[PDB]
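Under the working numbering, the first residue of the sequence shown is numbered 8, with each subsequent residue one higher.
A virtual CB, placed ideally from N, CA and C, is assigned to each residue, including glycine.
Heads up, the thing below is written out as C-alpha cells.
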Amino acid sequence: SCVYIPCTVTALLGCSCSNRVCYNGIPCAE
C-alpha cells in the first residue's frame, strides 16, 4: 500500500498507486 508514500515495490512494472494500493490493472499488493 501507498498509504502516504508511493508503492516503490511493484510500481516498477506499472503498479499505479490506486487508492493507496499498487495497481497495474490488477493489484500487486503493498
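Buried or exposed by the 16-neighbour rule on C-beta atoms within 10 Å, applied to residue i
i	result
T15	exposed
Same chain, Cβ closer than 6 angstroms to residue i, five either side skipped, listed in chain order
i	result
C9	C24 and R27
Residues near residue i by beta carbon distance below 8 angstroms, same chain, minus five either side
i	result
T17	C29, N31, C35, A36 and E37
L20	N31 and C35
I33	none
Residues near residue i in its chain [Cβ-Cβ closer than 7 angstroms; skip 5 each side]
i	result
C22	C14, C29, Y30, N31 and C35
Per DSSP, the bridge partner or partners of residue i
i	result
residue 67	Since the first and last residues shown for the chain are 8 and 37, residue 67 lies out of range.
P13	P13 is not bridged to any residue.
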